[PDB]
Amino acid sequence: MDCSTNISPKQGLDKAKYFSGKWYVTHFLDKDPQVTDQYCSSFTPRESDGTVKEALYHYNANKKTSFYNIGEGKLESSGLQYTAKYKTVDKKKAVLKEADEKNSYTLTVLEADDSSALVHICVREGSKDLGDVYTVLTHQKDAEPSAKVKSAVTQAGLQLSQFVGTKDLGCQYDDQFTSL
């Protein structure tokens, strides 16, 4: 299901609150009703002199499999957003497959504070949208998002009641992969 094109980042957001620690997805919204598998995800995003690089993990809770990626792209000047190319790696961060140059994801930060964040991700394989997802993020696994971030969900035109909560899925994480 094609990504929403009604996305732009929150202006004036504090990038130091976003590029910090690791994030766990506590709640995700993929509106596509053809989806069946539910995921857990965690990642650790960094930024140095305009270049964003992040280590990313997905766990397919239905199939009990996982995959790892490294994303890299430029920080937009117009707001807290980046379009990254991604490599596939193993749990030891060894490269399995270099980036396919036709593929990218755009991550747009909608809110970020010291405990929590809200972001939108659209993954593209050339001219095909793989899909988009909104993710509520916290620094501690199974934590509660802040009131500020909950407000951002509503103000994005969304309803938290429709998100899938990950705390009850039986997630397996790889905390070593996302550690400082």
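The numbering used is simple: start at 1 and walk along the sequence shown.
- Mean CA B-factor, 113 to 121 versus 31 to 39: the higher value falls on 31 to 39.
- Look at the mean CA B-factor for 5 to 13 and for 162 to 170 in the entry; the higher one is 5 to 13.
- Note on the listed residues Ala143, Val149, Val133, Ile70: the highest Cα temperature factor in the record is that of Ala143.
- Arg46 sits in the middle third of its chain by CA B factor, as recorded in the PDB entry.
- When the modelled residues of the chain are ordered by their C-alpha B factor, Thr138 lands in the lowest third.
- Among the modelled residues of its chain, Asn60 has a C-alpha B-factor that falls in the middle third, as given in the PDB entry.
- Residue-level temperature factors show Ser78 in the highest third of its chain, judged at the C-alpha atom.
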